[PDB]
Amino acid sequence: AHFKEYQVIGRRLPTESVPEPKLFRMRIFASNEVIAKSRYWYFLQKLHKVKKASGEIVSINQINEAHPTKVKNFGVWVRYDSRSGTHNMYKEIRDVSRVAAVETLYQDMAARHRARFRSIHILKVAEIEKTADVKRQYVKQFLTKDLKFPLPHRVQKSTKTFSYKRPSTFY
Amino acid sequence: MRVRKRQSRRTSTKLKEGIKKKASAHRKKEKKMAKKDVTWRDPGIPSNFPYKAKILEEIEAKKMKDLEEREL
Amino acid sequence: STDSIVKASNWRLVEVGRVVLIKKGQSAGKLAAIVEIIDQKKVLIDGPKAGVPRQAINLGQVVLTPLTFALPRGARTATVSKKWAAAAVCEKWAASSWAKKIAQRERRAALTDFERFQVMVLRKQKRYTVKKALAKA
Amino acid sequence: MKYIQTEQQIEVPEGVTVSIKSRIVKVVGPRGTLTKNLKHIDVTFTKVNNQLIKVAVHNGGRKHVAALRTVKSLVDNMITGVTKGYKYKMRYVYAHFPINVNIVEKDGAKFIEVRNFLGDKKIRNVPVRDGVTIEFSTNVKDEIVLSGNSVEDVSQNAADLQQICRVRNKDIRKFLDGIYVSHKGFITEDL
Amino acid sequence: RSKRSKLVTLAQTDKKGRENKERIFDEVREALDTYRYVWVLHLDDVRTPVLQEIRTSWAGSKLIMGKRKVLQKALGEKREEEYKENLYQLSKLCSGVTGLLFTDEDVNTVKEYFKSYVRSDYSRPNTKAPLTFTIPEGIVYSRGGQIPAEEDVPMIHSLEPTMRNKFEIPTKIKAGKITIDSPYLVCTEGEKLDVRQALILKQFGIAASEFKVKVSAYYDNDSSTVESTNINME
Amino acid sequence: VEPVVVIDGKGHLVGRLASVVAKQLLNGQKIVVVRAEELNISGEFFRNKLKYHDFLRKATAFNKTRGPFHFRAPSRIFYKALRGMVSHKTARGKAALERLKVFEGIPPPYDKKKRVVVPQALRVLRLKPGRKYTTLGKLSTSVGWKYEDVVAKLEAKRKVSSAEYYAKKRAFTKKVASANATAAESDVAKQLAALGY
RNA sequence: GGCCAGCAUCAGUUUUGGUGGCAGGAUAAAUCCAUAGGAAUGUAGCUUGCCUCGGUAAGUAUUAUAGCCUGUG
RNA sequence: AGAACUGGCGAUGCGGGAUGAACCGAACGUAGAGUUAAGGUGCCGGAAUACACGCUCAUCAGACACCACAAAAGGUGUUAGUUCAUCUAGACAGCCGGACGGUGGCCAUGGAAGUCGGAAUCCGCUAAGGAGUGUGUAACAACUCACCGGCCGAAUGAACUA
RNA sequence: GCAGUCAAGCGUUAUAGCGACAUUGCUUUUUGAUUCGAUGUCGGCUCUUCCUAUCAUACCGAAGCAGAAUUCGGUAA
RNA sequence: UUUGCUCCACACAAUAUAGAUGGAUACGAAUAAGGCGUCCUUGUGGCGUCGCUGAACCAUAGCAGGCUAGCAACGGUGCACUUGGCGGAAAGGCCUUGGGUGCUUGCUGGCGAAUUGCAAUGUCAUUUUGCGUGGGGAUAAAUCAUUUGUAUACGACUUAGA
Ligand SMILES: [Mg+2]
Ligand SMILES: [Mg+2]
Ligand SMILES: [Mg+2]
Ligand SMILES: [Mg+2]
Ligand SMILES: [Mg+2]
């Protein structure tokens, strides 16, 4: 669906002589909190030796974009599950929000790489402060000063089956 | 300009069901060969990631901290 | 007359300061300004005078208007409001035949039945005068 | 990729007027006029000054920008054609049977008539395309000159003349008779 | 896909990297301290036997070639990056195919040698014609009429396609010999030469033009001044 | 909204036009299609010609006169496209097909009638620019239709007459618009403007 | 009183709208305001080259005759 | 192919998969109303020629069974990745110039000079230049390219993956 | 076909194990010399059509293809 | 085959079935371009203006549209005539002259409507192989049977005969 970002903080169950186990936080992109918690347990078991049965979720909070009406460039570092192994991929996405950039990235992985949400891992989404660190041409072409472009061949949606006039594509 | 015969793409029931049996046999054979065979069993930071230096500095500081975390 | 001549084909341009009219969604029929370009298919718009919130919108949801005004790139909502008022975008829009067609459509949709009767009577009177003028000339 | 905007420049000299409308290019120069239909290609022409014309593609791909460079080359060839002309010199050679090349008029249609190619009784007739002039070289043996404004017309006429005299069923290591393009160039040689 | 495919050759020599530029840079900056006079020489279109003869005649000195930007960076491009005081003037005086002569001899002796050194050379394009040459009528010979045809040997037939296409000379093969129907004038004296005419003259072996080193200026180590020489700069 | 809808087939795409016309006929609308020779099929001319030669391959082996009947005219090509989208072996399907007429050119009486377009089937609105397309007249001529030149000459004559008619109508439009302008300053016109007319 | 219907007020099931009062979260994040810094896809101004009566190319210049970004409240 | 356990079908209609023993839904008194499953919504055909981000043009695309043809092979189609390298003391492409000296290195041949062959393949001067990458000559010549420089001026090349 | 050799890849930190392309041995040796068990269905005549995996006819490309003739290949029923 | 046949008007008569219920309301071409208006030195010209849907334009008030009085104007509109021109793609229609005869809601007045009972399509639009009135126009063929043989199984074909 449309993505939200959550911080999920969990821990092992306290035992005898071991109070206050270490708290682990993870940033998860998901459609809702049930999916977010599921992905968190998946990664915690994949990385450490912690199971959902032996642990608990301490906190889960939605994280909002700080400046959702500011256009930013994002470097996205991902890796996808494969027979040859984990494969790094770096992409650049221009958008106003991290969740919008991640939604674009998932749609793009489905379109080009034929990849699914369960197969894609997000390693890091970072905002590029300076425009000189942008290094993909399909993003750098939109960083030109006084950028103006037209939209040739305008196709207007018709509400009726028949039109009494030949259409125009002018804009 | 003589046009030849084109192969039909209409599905055949017998072929479809036979391919189903073929695929099940193939998967079972592959699983058996996987349980039988004797063949021995971290790409890191991408070169185009801009904050490579920050990632490396953080991993080095983490290593230095973890070196003394377990000792004391 | 020995100079080359090439036809121009003036296109309305996607650029900062371009006035757009929104055609579908929560703010349909309202004017906003393009504040920044995201990509070929999406821009950022702000509509502070009309009540359009600052938002990223798809270009398939607005129509570019011929109007444009001076605007810094990425300018915040209050600055957009100030520059919009200074450029007097609303008046230049209201003077257009596009805006008049919109308002005429709304008034015709808002007429009552008694008013439609009045309209027919007036049309008949105007028709009588126009035909009489058309006979002499 | 889908580049946002890709453009090329076309330089217009002083004696040349270019009129472009709905992708029909007319170039008028000291040697005459040429016309081209470019309506099979989506481009936009813009006038920057009297000496410069831009041709541009918006939101194009690889095939589109390849067409853009093709368009620029074609219009430049028109400008060269109306300002300097095009001139192809051909030579016809033979071993034993002399080749007879003349200009003949069949109802005022202006054919090049080629006779006695390897002793053939067949008369080969190559029509002259419109706008192409045929001259026979003075004080040069067995040379034809094809001249005109349209390089496409001149080079296609030269190709027709070269292909009408193919050697058939014979070893071409041995049999060398034919008509061959010997030089491609311009008409005017002010410098 | 659809890109130009580079040709692959199996030869015995590899390319030079940045290390050779650094090596020549080091040699320049060492010779600046070692020798006293640094002369800037222009040596465009010079032949290697001539250059090696020059190096031999200046035994005990140093002649250094290389990339002009490398030489200028070694001498110092600007005032704050120069290797020695007021060397940037000599550095910016370099142009074209540049050689540096590090020496210890007298200014008069270096000037006299470079004023008196001259050798016969092929005529380059965009140069004045030193003579008016014409291939004589009939069978084309190797020298093309400079020596008598009885001494001269006829031109080999393998050069006929080169003469016909590249030089645009009307030639025909008769009995394995290259023949022209009429005399062919190649160049008239005092006329600017293009690539085609220069190639024709080089093919026939006519060397009437003169070669001479150009001397721009020199820099003195202890005096720390540059003096414009203006030798053969006409 | 008309009893009879006259559709100008020029510049339309065959399948999308056939789909809309089939649905309109089944809902009970009378449709006349004119200028079937200027219709378009997406794809390059050799592709569409190859498809027609595949159709020409099809025939009943023991008696060719029983087989699929290969009509070469552009109107019949469009009719085949449409009949494939109508359930034509039922009485309802036949009754629907009998609400349609298809013509090459614009014969009388339709030449003095209004002709409309279908925007969801128009080539300049549907095809991405640069994609190749075929024209039905050339396709029909290559596969055996023999009346392209006759229809072209008749279309030229009709265009001359229609152009003269439009010149007269335009002059009258100018006169009526002029005389209507000078009544815009009266109280009646002000009241009409207040009401929206 | 036999046949077929219309409207109103209800009951059972259900479908489709308008509108109000509340509660949570970073007690939304934003916008907006104030303040402290900062940079360019460098605003005004100033220098120079030589340019269609000043419109430009390249340096300085951080708010100025535009503005933007970050933290804090 | 031999064992063991568990389902489905025969005795069983209904919706869908165009059609159908084992496929996807769902099991059945007679009706009405509402809502769905699986599958679908250009037209045949009830239901958006809906909205959104990308990819693809096939001289018989694809809308299929995830088995085979299939060598993860071939391709100067096109898109996105990854890892290496070169680069304003000058990227790639082009044009021009240099491309030398001992030396026609030794043996061999009627001839054989880098370039029919067999073995060595060195030394000097360099900015660089093979006892020579090919064209060429009866042998030389000439051309070439390996390599270097001048002009030009900002990105480029190679191998892999999807 | 069997047995081997090489090594682009696959594989991996344990030079184990797979493995395309190439390649060797046997079959099969040097001077162009000098019929061996189908165990169960086959063929005519008349007449039509289809495939192309083309023998001829048409047009092309390559070859020491002089010419003549031939060989190999492409489109083509 | 007891005046058969066909049209031109005035009465009665019946009728209007893949679906009337204000009007199918005519440039052409382009779409990386056009429409309209205006001006010039008439062109690939200058200037202006339009689109972003027909949500239009034209019609549209009166017992399903009655009866009457005026005012303003020389218009609009129906019918039957008549003047001329054009249309062959299946023209069967488009334009036009003149007078006559009705209406006109362009504006101001005076009478009428009811009871179909609170809705029930509440019946409204061309052509008419029918008849009675009539003034005008035109008075044929084909087949069987007989016959020929250019034909032929039979039919059919092709000939001939007041
Ligand atoms: Mg209720
Ligand atoms: Mg439907
Ligand atoms: Mg097979
Ligand atoms: Mg074949
Ligand atoms: Mg009344």
Side-chain angles (χ1 to χ4, degrees), chain A residues 62 64-66 68-69 88-89 104 107-108 111-113 131 143-145 152-153 156 163-165 168-170, chain B residues 6 11 13 16 19-20 22-23 26 38-40 47, chain C residues 5 9 54 63 72 74-75 77-79 97-98 105 108-109 117 120 124-125 128 131-132 135, chain D residues 19 21-22 24 26 42-44 62 171 174, chain E residues 1-3 5 9-13 15 21 25 44-45 47-49 52 55 65-67 69-70 73 96-97 156 158-159 203, chain F residues 2-6 16 19 22-23 46-47 50-51 54 85-87 95 105 107-109 111-115 120 124 154 159 162-163 165-166:
Chain A
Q62 193 179 0
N64 294 311
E65 180 67 51
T69 50
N88 285 332
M89 173 177 301
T104 285
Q107 280 308 100
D108 180 88
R112 326 188 105 103
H113 207 262
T131 48
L143 307 188
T144 310
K145 184 66 171 293
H153 209 73
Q156 308 193 304
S163 178
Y164 291 90
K165 196 191 181 65
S168 183
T169 63
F170 94 101
Chain B
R6 177 187 173 266
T11 311
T13 292
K16 198 181 68 191
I19 290 173
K20 260 248 299 186
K22 223 172 186 302
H26 176 271
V38 182
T39 299
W40 283 352
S47 268
Chain C
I5 167 172
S9 186
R54 192 176 180 98
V63 286
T77 309
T79 304
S97 309
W98 191 348
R105 197 179 297 146
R108 291 192 183 190
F117 184 78
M120 178 190 58
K124 293 165 70 70
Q125 301 182 357
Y128 182 84
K131 294 306 179 64
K132 206 179 69 173
Chain D
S19 68
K21 180 180 158 283
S22 71
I24 308 296
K26 178 159 69 74
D42 293 344
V43 285
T44 300
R62 277 182 69 79
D171 173 50
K174 190 86 177 68
Chain E
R1 321 289 287 286
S2 193
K3 59 160 172 55
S5 189
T9 73
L10 298 183
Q12 293 286 344
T13 305
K15 280 183 179 180
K21 295 187 290 189
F25 174 93
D44 300 20
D45 298 314
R47 292 199 320 276
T48 306
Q52 294 181 341
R55 289 180 186 270
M65 311 292 299
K67 285 205 160 183
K69 309 295 289 179
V70 165
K73 187 51 162 293
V97 179
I156 186 69
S158 307
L159 292 176
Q203 192 69 32
Chain F
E2 297 173 311
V4 180
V5 167
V6 190
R16 296 179 186 271
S19 176
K23 190 48 152 184
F46 53 73
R47 288 189 58 81
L50 224 55
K51 285 184 179 181
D54 189 64
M85 298 180 206
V86 164
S87 188
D111 50 323
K112 307 181 189 309
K113 294 306 180 184
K114 182 74 174 175
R115 303 168 290 261
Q120 70 183 14
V124 311
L154 294 175
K159 286 166 191 300
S162 181
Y165 157 76
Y166 179 74

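So you know, we letter chains A, B, ... as the sequences are listed, proteins then strands, and number each from 1. Excluded from the calculations below are hydrogen atoms, water molecules and symmetry mates; all remaining heavy atoms, backbone and side chain alike, are included.
- Across the interface with RNA chain G, nearest-nucleotide mapping of A:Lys145 and C:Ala78 shows C:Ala78 to be the residue nearer the 5′ end.
- Residue-to-nucleotide contacts include a donor-acceptor pair under 3.5 Å from the side chain of B:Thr11 to the base of H:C64.
- If you check every strand for non-hydrogen atoms under 4.0 Å, A:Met89 touches sugar and phosphate atoms only.
- No side-chain heavy atom of D:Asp42 sits under 4.5 Å from any side-chain heavy atom of A:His153.
- With both hydrogen-bonding distances under 3.5 Å required, I:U13 and I:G37 do not qualify as a Watson-Crick or G-U wobble pair.
- Using a 4.0 Å heavy-atom criterion, one finds that F:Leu50 contacts the sugar-phosphate atoms exclusively.
- Of the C1' atoms belonging to H:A80 and H:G54, the separation is 11 Å, rounded to the nearest Å.
- A stacking criterion of 5.5 Å and 30° is met by the six-membered base rings of adjacent nucleotides H:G39 and H:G40.
- Interatomic distance, CD of F:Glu2 versus NZ of F:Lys114, reported as 9.5 Å (0.5 Å rounding).
- For the P atoms, the distance linking I:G4 with I:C18 amounts to 11 Å, nearest Å.
- Side chains of E:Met65 and E:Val97 form a contact here, defined as non-hydrogen atoms less than 4.5 Å apart.
- The partner of I:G73 is I:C60, by the rule that a Watson-Crick or G-U pair needs both atom distances under 3.5 Å.
- Checked against H:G90, J:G75, J:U31, the side chain of F:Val124 finds its nearest nucleotide in J:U31.
- Checking H:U78, H:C145, I:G17 against the side-chain heavy atoms of E:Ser2 singles out H:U78 as nearest.
- For F:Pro107, the side-chain atoms get nearest to J:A90 when compared with the rest of H:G150, J:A90, H:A89.
- Pair assignment for G:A28 gives none, since no Watson-Crick or G-U wobble pairing has each distance under 3.5 Å.
- Going from the P atom of G:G59 to that of G:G55 covers 23 Å, rounded to whole Å.
- Side-chain N/O atoms of B:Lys20 include none lying less than 4.0 angstrom from OP1 or OP2 on H:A22.
- For G:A39, the torsion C1'-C2'-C3'-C4' is above zero, which places the sugar in the north, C3'-endo range.
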Nucleic acid footprint by protein, nucleotides 66-77 of chain I - heavy-atom cut-off 4.0 Å, B for base, S for sugar-phosphate alone:
SSS-------SS
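- Under 4.0 angstrom from either OP1 or OP2 of H:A99 there lies at least one side-chain N or O belonging to E:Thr48.
- Syn is the conformation of I:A53, whose glycosidic angle sits no further than 90° from 0.
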